[PDB]
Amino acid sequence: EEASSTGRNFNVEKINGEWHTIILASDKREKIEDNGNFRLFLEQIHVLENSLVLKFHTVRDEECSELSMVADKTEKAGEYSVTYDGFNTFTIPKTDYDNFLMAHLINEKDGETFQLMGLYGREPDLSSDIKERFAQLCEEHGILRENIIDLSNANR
């Protein structure tokens, strides 16, 4: 079964648990490159009543560092917000709960905005068909292939 956080049939409780960053894409490529502060490796999502606890790690020359954030529900169904290097709001355009999850985020800081989309998996890698389906969604949002980074061999 596939759902959108924006849909009426979305069951947030089902995204609880372990996840992995598989692919990241952005409007502004430098934010997800090597020393980018948005190059985050998701490890777990803990679902709360009106919030989402997010646990990640960042990596610098293979050294990993823990990072946690709490995203709160906004007034729009299926949308959360979190303050991190500016103000961010995000939704989950597509997920099947037990395999993949696609996220869409908009960052705003000092009159400037950029978008970030990510593909996460319950396992550290996903099939090529799902990866290509993600590339197609990125295209719909105006993000081209040169700005999509597959991190499946850098996510552990």
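Counting begins at 1, following the sequence as shown.
Enquirer: Going by the mean C-alpha B-factor recorded in the entry, which is higher: 125-133 or 61-69?
Expert: Comparing 125-133 with 61-69, the higher mean C-alpha B-factor belongs to 61-69.
Enquirer: Regarding 39-47 and 106-114, which shows the higher C-alpha temperature factor on average in the entry?
Expert: Stretch with the higher mean C-alpha B-factor: 106-114.
Enquirer: Ordered by C-alpha B-factor within the chain, which third holds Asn11? Give me lowest, middle or highest, please.
Expert: Highest third - that is where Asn11 ends up once the chain's C-alpha B-factors are sorted.
Enquirer: Where does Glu140 sit by CA temperature factor within its chain: lowest, middle or highest third?
Expert: Highest third of the chain for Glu140's C-alpha B-factor.
Enquirer: Sorting the chain's CA B-factors, does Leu151 end up in the lowest, middle or highest third?
Expert: Within its chain, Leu151 is a middle-third residue by C-alpha B-factor, going by the deposited values.
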